[PDB]
Structure formats: structure tokens, C-alpha cells
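First comes the structure, then the notes that go with it.
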Amino acid sequence: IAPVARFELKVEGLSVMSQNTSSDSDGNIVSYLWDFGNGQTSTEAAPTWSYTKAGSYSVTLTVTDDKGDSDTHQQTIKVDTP
Ligand SMILES: [Cl-]
Ligand SMILES: [Cl-]
Ligand code: NA
């Protein structure tokens, strides 16, 4: 129900850009934990990142709001080398 974690990704080769499309009907989102499925994380709203090895990676976003509630979304992506 609230908050709702959500994002969309744009993949270029091994590199990924994000758009944060999260929301909260009962408060305000104050923090983010992105988890790129490779051991890397970020606290940015809409980070850019990259991988080294071609493969399948799960990208997870957790959002947390002003009342201390969290929600998580995931997307698995393919990335390839040249
Ligand atoms: Cl990698
Ligand atoms: Cl994909
Ligand atoms: Na709100």
C-alpha cells in the first residue's frame, strides 16, 4: 500500500540509468537503498551504474518514508559486453 517503490531502467551495454517513479499516498519518501544485484548499492534517488561481466542482474530498490515504512521493487536486467 504505502510507500510504493517503483523505477524504470535504461540499459546501454554494461551501463544503466534509472528513473525513480516511486510514490507514497500516506507520507513522503525520504530515503532510498538501491541494490544492483552485483554487490554494489547506492542511496541516490536515481543513480547510474555499470557491470563488468555480461549476464543477468536483479536490481532492487527500497524506499522509506517519513513515518519509517518501507517498500521494495525489483527488476531483472540483461546486460552484455561489446
Ligand atoms: Cl559484473
Ligand atoms: Cl532485460
Ligand atoms: Na505523499
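Computed from the coordinates by the stated procedures, all read-outs in this text should not be read as laboratory data. Note that each Cβ is placed from the backbone with ideal geometry, even for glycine, and that neighbours are counted across all protein chains shown.
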ask   = Looking at region 8-78, which trypsin sites (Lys or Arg not before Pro) are DSSP coil and have at most 14 other C-beta atoms within 10 Å of their C-beta?
value = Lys53, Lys67
ask   = Per q in 0.16, 0.23, 0.26 1/Å, what log10 I(q)/I(0) does a Debye calculation on the alpha-carbon atoms of the chain return?
value = -0.56, -1.00, -1.21
query = Once the other residues with Cβ under 12 Å from the Cβ of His73 are scored (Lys, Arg +1; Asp, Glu -1), what is the net sum?
reply = -2
Phi-based couplings in Hz for region 10-26 (Karplus 6.51, -1.76, 1.60; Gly and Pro marked x) = 10, 9, 10, x, 8, 9, 10, 10, 10, 10, 8, 10, 6, 8, 7, 7, 9
task = Compute the relative contact order of the chain as a whole-number percentage, counting only Cα pairs closer than 8 Å that sit 6 or more residues apart in sequence.
result = 35 percent
inquiry  = Among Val63, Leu14, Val30, whose Cα projects farthest towards the positive end of the dipole of the chain, with charges put on the beta-carbon of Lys, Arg (+1) and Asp, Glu (-1)?
reply    = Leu14
inquiry  = Test of understanding: what is the full-extension gain from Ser25 to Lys78, defined as 0.36 nm times their sequence separation minus their Cα-Cα distance?
reply    = 15.9 nm
Restricting region 1-48 to chymotrypsin sites (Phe, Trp or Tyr not before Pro) in coil, as DSSP defines it, with at most 10 other Cβ within 10 Å = none
